C-alpha cells in the first residue's frame, strides 16, 4: 500500500531476473528459464506461474514476471501482467510495437487467463509462446475464466503469433509437484 502509486514489490530472484543481462536464442532456452522462475516463485510464496518478455529475434531478456497475487495483495498480479508491464517500463513505452522497438515475445509457463489474454492484446508483443495448456491449468484448480471462442485466432488476427505446448511436459512436472508437495 502507497498513498501515491500502485506498487507491486518483486522478490529477490525476480529483481535479479529483471537486472541480470541474459540472451537466450532458442525457444526452449527461453521457456527453460521461465520454468526456473516458476520453481523460484513457488519457493517465494507465489503461484506456479512465470513469464518473460524477450526480444523475439535475439532472445535478449527484457523483463520477467511471476504470479504475486497472494503475497502482493493484487488479483491482477499475474505473471503475464508483471512481465509485460516491467518490459514497457524498461523500454519507456506502453506499446512494445512502437516504431524503433525490436519485436517482443511473451514466453509464458501456461496459456493466458481471459484477463492476461486482454493484456497481451494491449501490450504490443508480436508473439506468445506457452508451455502448459488451459486444460492442464484448469486440471489443478486454476481458472482461465471465460476466454472468448477461438482466443488463439483472436491473437493471430491482431498480428500476435501463438505457439503452445513448448516444454509442456516440464511445465506439467512443476504444476503437479505444486498440487502434491505444496
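Numbering follows the first chain given and starts at 1.
In this entry, 132-140 has the higher mean Cα B-factor, the comparison being between 119-127 and 132-140. Mean CA temperature factor is higher for 17-25 when stretches 17-25 and 166-174 are set side by side in the entry. The residue among 147, 30, 39, 68 whose C-alpha carries the highest B-factor in the deposited model is 147. Per-chain ranking of the deposited C-alpha B factor places residue 50 in the lowest third. Per the PDB record, residue ranking by Cα B-factor puts residue 107 in the lowest third of the chain.
Per the PDB record, residue ranking by Cα B-factor puts residue 113 in the lowest third of the chain. Sorting the modelled residues of the chain by their CA temperature factor places residue 99 in the highest third. Among all modelled residues in this chain, the alpha-carbon of residue 157 has a temperature factor (C-alpha) in the highest third.
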